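>>> Model the following, please.
(2 chains)
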Amino acid sequence: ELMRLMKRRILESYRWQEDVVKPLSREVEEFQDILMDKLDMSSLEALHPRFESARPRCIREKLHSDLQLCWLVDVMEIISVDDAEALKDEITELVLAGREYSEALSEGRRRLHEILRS
Amino acid sequence: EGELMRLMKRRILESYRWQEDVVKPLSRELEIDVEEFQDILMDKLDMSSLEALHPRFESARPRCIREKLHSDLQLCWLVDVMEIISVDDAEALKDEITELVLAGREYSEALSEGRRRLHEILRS
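Numbering: from 1, shown residues only, chains lettered A, B, ... in the order given. Here you go, the structure:
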């Protein structure tokens, strides 16, 4: 019975609950079980760190996407890579400092429009 | 006096295939009213570019959608990071949803269905 608990303990962790379990609302009780269901012990006691070191990357990706940068850059090239990378930096910077993605994305759209009309 | 050029391209942007597949669709930026965007394109892209874009655009439409899907479906986490979902599963899922949107399915609506089949997978 122990194992089920040892991990049930990590999901109940605060760092997890606030940084992963709850956050991933982008689709809570259940999710927890799903995680419980999918990931094994060793995995659990190893994810958070790896998680924090990829939170930036995952957000830039989301930004690139949400900011229609696949078209504006990769395809149409209406925006310089430099401009794009920069913009992704700044906004990611924000979100990583507590800024609500939702709200941050709005600011990124703003700065984007700026660039486009330049 | 290079008026002609301004027209030649204004012609392409006013094309149908463009208006429907690019100019209009790219409303994802609060689309600052299509009108503007069009001028932006007019302002940024040159002539050679314009009479070259669409085909190039059609051949990437798929790739760009998968990207959007991967993102919207929190796959950076579910796969690349946590590995809660097999790559095989992931790719398959992106395929079918993309298949849909490519066949006219409204992204919005299509993503919802992908969310569904995802949950399914997660609960397996």
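>>> who in chain A is up against chain B?
A:24, A:26-27, A:30, A:34-35, A:37-39, A:43, A:47, A:50-51, A:54, A:57-58, A:61-62, A:64-68, A:70-71, A:74-78, A:109, A:112-113, A:116-117 (CB under 8 Å from any CB of the partner chain). Where C-beta positions appear, they are placed from N, C-alpha and C, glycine not excepted.
>>> Inside strands: which ones of the residues you listed?
If you go by DSSP state E, those have nothing in strands.
>>> From these, keep the buried residues only.
A:24, A:34-35, A:38-39, A:47, A:51, A:54, A:58, A:61-62, A:64-68, A:70-71, A:74-76, A:78, A:109, A:112-113, A:116 (16 or more other CB atoms under 10 Å in any protein chain shown).
>>> helix, strand or coil for residue A:93?
helix (DSSP: H, G, I helix; E, B strand; the rest coil).
>>> ok, and the closest non-adjacent residue to residue A:65?
Once flanking residues are discounted, residue A:65 sits nearest to residue B:71: 3.9 Å by CB to CB, 6 or more residues apart in numbering or on different chains.
>>> List the contacts of that neighbour.
By CB atoms under 8 Å, 6 or more residues apart in numbering or on different chains, the contact list for residue B:71 reads A:61, A:62, A:64, A:65, A:66.
>>> Looking at those, which are in helices?
A:61, A:62, A:64, A:65, A:66 (DSSP state H).
>>> Tell me the one of those residues nearest chain B?
residue A:65 (3.9 Å; CB to the nearest CB).
>>> Good, we can wrap up now.
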